[PDB]
Every structure is written in structure tokens, then in C-alpha cells.
2 protein chains.
Amino acid sequence: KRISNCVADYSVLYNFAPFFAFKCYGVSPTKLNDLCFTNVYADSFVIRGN
Amino acid sequence: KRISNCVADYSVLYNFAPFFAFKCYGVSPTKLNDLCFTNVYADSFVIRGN
Ligand SMILES: *[C@@H]1O[C@H](CO)[C@@H](O)[C@H](O)[C@H]1NC(C)=O
Ligand SMILES: *[C@@H]1O[C@H](CO)[C@@H](O)[C@H](O)[C@H]1NC(C)=O
């Protein structure tokens, strides 16, 4: 899913799904609200736990 | 809760609550029985998992 030309409030993401915590690389989930991005890509799938 | 003037045996903490593991900063849970502290503060609350 392509995400652009919008204001992203990542703090509300916790309300959408009951995930325990983020796993971010090269960035912190704490600072996501303070940054800008050219484009955002949301890749969704289902796998096994392991 | 203020904790002072007592001998603390942290190894028994695992019996009190069914928590999986500690999360310590600046110290290891392994060495807690070998140290002294001027005062201990226990802050209790309830939050969401995320
Ligand atoms: C997902 O959408 C449904 C209706 O399609 C809504 O009832 C539900 O609250 C939504 N989930 C969350 C976590 O808000
Ligand atoms: C907590 O206290 C109750 C009685 O108040 C006791 O039965 C129980 O064993 C205690 N919990 C633990 C983990 O020892």
C-alpha cells in the first residue's frame, strides 16, 4: 500500500492492532511523529510465528 | 512504596508474580543480591500491554 500526501500519526497505530511492541530499524518508534518521509510503503502479509 | 532498613532477597521476587523476566537498567538482575542501596522505591501501576 502506497502512503503519501497525508499526515501520519503513528501513536494511533497501537489502537488499530493488538501488537505488543514495534520493531524498527534505523529509526525509533518514539521519534516517528517528529519526522518526514518522501513516501511510505505498508507491506501486509501473514506468516508463522517462528 | 518506600523500602529501607531491611534485607532484600530479590531471588524470591519470581515467586511473588508470574513475570517472565526482569528488565533492569544500569544493573543486572543476577547481581542484585550482591549490592547495597541507600533506599529502594517500588512504583506500582497498571497499563496496557503496548
Ligand atoms: C475495524 O473496523 C471495524 C468495522 O469494519 C470496527 O468495528 C473496528 O472497531 C475496527 N477496529 C479497530 C481496532 O478500531
Ligand atoms: C498472595 O496472598 C495470598 C493471600 O493474601 C496468598 O494465598 C498467596 O499465596 C499470595 N501469593 C503468592 C504468589 O504467594
- Query: Which of the residues spanning the range A:5-22 are assigned to a loop (DSSP other than H, G, I, E, B) and either among the acidic types (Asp, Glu) or within 13 Å of chain B (Cβ to nearest Cβ) (or both)?
  - Reply: A:9, A:17, A:18, A:19, A:20, A:21, A:22
- Would you say residue A:1 is loosely packed, with under 10 Cβ neighbours inside 10 Å, among the basic types (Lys, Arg) and within 14 Å of chain B (Cβ to nearest Cβ)? no
- Task: Can you tell me which residue within the range A:20-50, out of those that are more than 11 Å from the chain's Cα centre (by Cα) and among the basic types (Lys, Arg), is surrounded by the most Cβ atoms within 10 Å (Cβ to Cβ)?
- Result: A:31
- Message: Could you check chain A and list, in sequence order, the residues that are of a type in the set (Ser, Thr, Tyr), within 16 Å of ligand 1 (Cβ to nearest atom) and within 16 Å of residue B:50 (Cβ to Cβ)?
- Response: A:10, A:11, A:14
- Is at least one residue of the range B:22-35 under 30 Å from residue A:16 (Cα atoms) and within 16 Å of ligand 2 (Cβ to nearest atom)? no
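Bear in mind these aren't lab numbers, they're just calculated from the coordinates by the rules spelled out. Ideal geometry is used to build each Cβ from the backbone, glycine not excepted, and the neighbour counts take in all protein chains shown.
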